[PDB]
Amino acid sequence: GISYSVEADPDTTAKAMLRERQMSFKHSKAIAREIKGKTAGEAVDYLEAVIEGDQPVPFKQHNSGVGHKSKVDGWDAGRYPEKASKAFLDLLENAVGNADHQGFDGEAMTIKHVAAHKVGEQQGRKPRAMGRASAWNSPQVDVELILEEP
Amino acid sequence: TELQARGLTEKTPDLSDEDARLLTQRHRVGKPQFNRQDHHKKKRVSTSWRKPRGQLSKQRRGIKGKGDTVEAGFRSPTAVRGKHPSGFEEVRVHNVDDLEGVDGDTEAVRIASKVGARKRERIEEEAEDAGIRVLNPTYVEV
Amino acid sequence: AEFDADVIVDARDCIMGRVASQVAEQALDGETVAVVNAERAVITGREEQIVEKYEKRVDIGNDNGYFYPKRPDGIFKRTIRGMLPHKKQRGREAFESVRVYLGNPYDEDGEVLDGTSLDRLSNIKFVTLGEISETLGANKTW
Amino acid sequence: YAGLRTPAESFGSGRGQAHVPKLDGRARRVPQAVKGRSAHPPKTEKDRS
RNA sequence: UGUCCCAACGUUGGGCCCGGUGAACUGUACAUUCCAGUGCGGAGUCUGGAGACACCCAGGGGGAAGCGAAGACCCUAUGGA
RNA sequence: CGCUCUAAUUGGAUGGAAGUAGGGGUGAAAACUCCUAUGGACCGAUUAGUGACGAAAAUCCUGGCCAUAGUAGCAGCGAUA
RNA sequence: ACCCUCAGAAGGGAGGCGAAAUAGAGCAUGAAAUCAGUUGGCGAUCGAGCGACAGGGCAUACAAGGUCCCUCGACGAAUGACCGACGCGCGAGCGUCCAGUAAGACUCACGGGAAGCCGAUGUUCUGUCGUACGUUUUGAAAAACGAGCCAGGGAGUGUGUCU
Ligand SMILES: [Cl-]
Ligand SMILES: [Cl-]
Ligand SMILES: [Cl-]
Ligand SMILES: [Cl-]
Ligand SMILES: [Cl-]
Ligand SMILES: [Cl-]
Ligand SMILES: [Cl-]
Ligand SMILES: [Mg+2]
Ligand SMILES: [Mg+2]
Ligand SMILES: [Mg+2]
Ligand SMILES: [Mg+2]
Ligand SMILES: [Mg+2]
Ligand SMILES: [Mg+2]
Ligand SMILES: [Mg+2]
Ligand SMILES: [Mg+2]
Ligand SMILES: [Mg+2]
Ligand SMILES: [Mg+2]
Ligand SMILES: [Mg+2]
Ligand SMILES: [Mg+2]
Ligand SMILES: [Mg+2]
Ligand SMILES: [Mg+2]
Ligand SMILES: [Mg+2]
Ligand SMILES: [Mg+2]
Ligand code: NA
Ligand code: NA
Ligand code: NA
Ligand code: NA
Ligand code: NA
Ligand code: NA
Ligand code: NA
Ligand code: NA
Ligand code: NA
Ligand code: NA
Ligand code: NA
Ligand code: NA
Ligand code: NA
Ligand code: NA
Ligand code: NA
Ligand code: NA
C-alpha cells in the first residue's frame, strides 16, 4: 500500500487513509479532485448531496460517453458515484474523529491533501463464447487525507 | 559555521602556451552529443552510441539533420585529450601510496569513490602537503 | 477604427500586385501599412479573362472551404497575404499590421509608391477592383 | 536433453501467432523460449586440455 | 395480400439518463484536415495552397487501400499427400 | 570498449561495498569516472586465461503494464413479475 | 501492549519495539513500462518522424564543471572597401589612385562587469536541414513485411579429418 506522499506537521495536522477499497479508482480521482480545498464538514455535506443525487461530481478525465450535467460549472460531464462517495465519508469520519481526539475542531479543518491510488486488482475471470475466458477484475484503492488547521 | 573544502581547491596547472591554446580550442569547439539514432523515439532504445547499419538509414547516409556519425575527424587535440577542464591531468588515487610520484603542478588527484572517510582524511591531508589538488574534496564545517 | 499607420498608401490607379509586393516587403520590415482607395486599384489585362479567374475562385470550395473575398476590400488584402508567410509568427504579425480600406478614412492623402502607377492615357486594357467586385456580386458599398 | 523433454508443437499459420512450438498454450523447446534448450551450451565432449 | 406505388401510426424489448458490476478487439510514432500535385504508378504525415479556437454528447458507417486470416486463385520448389 | 569466472601481482569497504535514482567531468566512440540520496555487504585494477559474453526487431519467448473504458454484456427465448 | 475511531480480531489515528518498520508479514535491494498528487516550462488562432546543429525566453541549494560579458589595445590567413581625385561609358556602371590600406575568424593583455552568472540541465520560441527504425526490393515515408509499451530471456558451438 501507499504511505503519505506529502509532509504533514503533527501540531496542526490530522491524517487518515482507506486501504485496498474495492471501488472505482476513476470515481475516486474525480471525488478527491473535487473535495480538496474544502472544509471537512463541507466535504461531508457535498458527498451526501452526491449520494442523494442533488450534486454531481465533475468527471473531467474519465468521461467517455458521460452525459452533461447542468450543475457542473466550468465543465460538462458529471455523475453521482455513491459507492466511492460513501467510502470517502468513512475516510472523513475517521479523519475528523482523529482530529477531535487531538483537540482540534475536526469539521472546520481544511482538506490540505487528498488523493487516490490504485494499489491493485482483485483478479477475476469471465467465461466467454467460443470456449474462451477473459479478465473481469476489481480495482483496489488506497487513499490519503490530510486535514489542516485554517 | 560554514562549509569549506579541504586542500588546494583553487590551484591551477601551468601549461605551455600551445597547450592552453589547444585546451581553449577543445572547450570552444566541443562536439555533437553522438547519441544513437532515434534513441528519443523509443524508450527501449538507449542513448549509448551504435553505428547506424540500416541500408536505408537516413543517419547512415549522412542526411543533414539526422545527426553526425562518429568519425576520427572529431577527435580532440592530442596535447589536451583527456585533461580535466582545468587543464590538469587526472590521477586516480586509492590510498596514500598512490600520491607518490604525482606532480602537483601538472597533475591533480581524484580519490576513487570507494575509499572511505577515514582513509580519505589521510589522503587529503598529505596530498595538500605535497602541493597536490584533490578534484573531489571533502567539505568540512569550519 | 483608428490605425496608427506608419505609411498610408494610395491604391488609386495603381497596379495591385506591384503595390501589394511592396506593402508586403514593408510590413515584414516592421512597418504598419494602410492601403487606401482599394476600389480604385487596378490590374492590367483583358477584363473577360481577369474576371473569369476571380469568378472561378469564388465558385471553388467544399465543406473544408475556400473562402474567397468578393469586395475590393478583401481581394486586395488576400493578395497581400499571398506575399507573406502568414502562417508563421512573423508572417502573421506583418499581415496583421496591414489593413486595406475602401476609399480613405484618413485625413492625410496617402502616398503613391514608385513604379505602381498606371497611366490611363496610354492604357486601355485594365480593370478596376471595384468593377471586379461588382461583377462578382458584391454590394457596391462605395 | 535440457529443454527437449516435451512434445510441444507449432500450430503454424492461422491464429495470428508466431510459429513457435507450444504445449498447453505455453512456448517450449526452441532457444528463444523461456524453458527452451540452450542453443550452443558447454559440452562434456570438449577437450579442455 | 404493405413485396411494390409510399409510406404512417401504434405495441413490447433495447437504445438515451442514473446506481452497481465490468471485459475484449486493437495500438511503430505523430496525428484538426481538405483540394491538387508528387512519390514503387492507390498519401492524415512529402510539395503547394486552402481551411483549422479546445473539450464533450448522440448518429449513420465515407476514408485510415479499417479490424480479422503468413492468398484458397496463379506460378515457383529437382515440397507433401 | 564492455560482461562471467580462474590464476599471478596488487588495492578498496560498516569512517559504508554492489545495485538503483538524480546530477558533475572525460573519451570520436564502445564506455570510463566523480558527487548527492538510497542501500547495508561485499567490490575492484593490471597481466595471462576463460566463455550458456553484448539486442530494437524474428506474427520472437515469459512476466508486468497503459490506452481502449467506467465502454460492450448483466434486454431479446411464448416463462415480460 | 494501551487508548481513540468503526458494524468491526478489518482498516485508520495515536503509540510501542529495533541501527533501520520507506525491515510490519509473498516483509533485503526495489529498475522500467505505468498510476495518483505535485513542481518547472508550453498552453483553448493553430500543423504532424517527435529531432540534429545555431541562437533566444523562462526555470535552477550545495556537491562533483568555472567560466562568461563589454571599452580599448596587441596579433591578424584567405579575402578586402566607403569617401575623395582623375579618366571612360548611350546607360546600369567601370578603370586608375587612395590600398593589398581600413577592415578581417581565433588567441592574448590592461581596465571594467555578471554568480542563475558562464557551462550544464528541464521546457519552450526562432533559423537551417529533416516523410522513423529494421527487412524485402532495381526502386520503401510507402497503400510492401514486423512490433501496443517496458523489463528479463533470445542466434558461429563440439568432435574428427583436411588445408
Ligand atoms: Cl481503473
Ligand atoms: Cl584514433
Ligand atoms: Cl467553400
Ligand atoms: Cl506561412
Ligand atoms: Cl492597352
Ligand atoms: Cl587559437
Ligand atoms: Cl561467426
Ligand atoms: Mg453515453
Ligand atoms: Mg463450451
Ligand atoms: Mg530512448
Ligand atoms: Mg532451461
Ligand atoms: Mg500542408
Ligand atoms: Mg502467403
Ligand atoms: Mg489449385
Ligand atoms: Mg506426390
Ligand atoms: Mg599486476
Ligand atoms: Mg538488428
Ligand atoms: Mg505479451
Ligand atoms: Mg468506444
Ligand atoms: Mg406478466
Ligand atoms: Mg522490500
Ligand atoms: Mg518489385
Ligand atoms: Mg538482455
Ligand atoms: Na477527458
Ligand atoms: Na457546465
Ligand atoms: Na453550471
Ligand atoms: Na495583371
Ligand atoms: Na470560394
Ligand atoms: Na516433460
Ligand atoms: Na572432454
Ligand atoms: Na406492416
Ligand atoms: Na467509416
Ligand atoms: Na502477436
Ligand atoms: Na534554452
Ligand atoms: Na522482410
Ligand atoms: Na523502411
Ligand atoms: Na506507397
Ligand atoms: Na493488448
Ligand atoms: Na548468444
Side-chain angles (χ1 to χ4, degrees), chain A residues 1-2 5 17-36 47 50 56-67 77-88 90-91 114-126 133-145, chain B residues 54-56, chain C residues 16-17 20 38 43 48-84 86-87 95 100 127 129-141:
Chain A
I2 67 172
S5 53
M17 281 196 310
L18 291 177
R19 296 292 201 175
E20 298 192 297
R21 285 311 196 87
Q22 293 182 62
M23 58 184 189
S24 164
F25 173 54
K26 294 173 167 184
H27 291 172
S28 289
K29 305 177 187 186
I31 293 173
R33 176 184 290 112
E34 183 70 355
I35 72 178
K36 177 180 179 178
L47 296 177
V50 169
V57 165
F59 279 14
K60 310 192 71 180
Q61 174 164 176
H62 301 294
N63 55 357
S64 42
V66 182
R79 268 183 183 167
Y80 316 85
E82 69 131 53
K83 194 181 192 171
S85 289
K86 286 180 187 172
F88 276 67
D90 278 15
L91 178 62
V114 64
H117 300 78
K118 184 163 188 176
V119 177
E121 293 192 312
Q122 174 179 290
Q123 291 186 297
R125 218 67 197 165
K126 165 74 84 173
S134 64
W136 197 264
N137 312 323
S138 316
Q140 288 176 314
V141 181
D142 270 20
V143 51
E144 42 173 341
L145 176 55
Chain B
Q55 304 287 135
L56 306 168
Chain C
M16 176 192 238
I43 123 182
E48 290 60 49
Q49 81 96 351
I50 293 174
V51 160
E52 285 187 57
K53 188 173 182 183
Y54 290 78
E55 280 194 301
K56 182 59 175 176
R57 294 173 168 185
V58 165
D59 301 310
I60 290 174
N62 44 39
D63 290 318
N64 185 270
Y66 197 98
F67 158 81
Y68 191 77
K70 300 180 184 177
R71 305 254 258 59
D73 225 345
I75 301 291
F76 207 140
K77 189 154 190 177
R78 175 57 70 80
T79 298
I80 296 174
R81 198 187 80 179
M83 290 173 203
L84 292 176
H86 66 285
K87 276 173 181 172
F95 182 63
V100 191
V127 184
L129 288 197
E131 295 179 300
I132 293 171
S133 305
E134 299 195 69
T135 295
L136 299 180
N139 193 289
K140 188 172 182 176
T141 184

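Just so you know, ligand 1 is whichever comes first in the structure, and atom 1 is the first atom listed for that ligand. Per chain, numbering begins at 1; letters A, B, ... match sequence-line order.
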| So, A:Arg19 side chain and A:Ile2 main chain: donor-acceptor pair closer than 3.5 Å or not? | yes
Here the salt bridge (charged side-chain N to carboxylate O under 4.0 Å, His left out) pairs for residues 68-84 of chain C, sequence neighbours left out, are C:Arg71-C:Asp73
Check whether the ring centres of A:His117 and A:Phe25 lie less than 6.0 Å apart, and answer yes or no.
no
Note on the Na ion (ligand 28): protein N/O/S atoms within less than 3.0 Å are C:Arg57 O, C:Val58 O, C:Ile60 O, C:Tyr66 O
Contacts of A:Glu121 meeting salt bridge (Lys or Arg N to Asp or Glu O under 4.0 Å) (sequence neighbours excluded), chain-then-number -> A:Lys118
Heavy-atom closest pair (A:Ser85 atom, A:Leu47 atom, distance to 0.1 Å) is OG-CD2, 3.7 Å
Residues at least two apart in sequence or cross-chain that pass side-chain hydrogen bond (donor to acceptor under 3.5 Å, both in side chains) with C:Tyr68, listed by chain then number, are C:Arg57
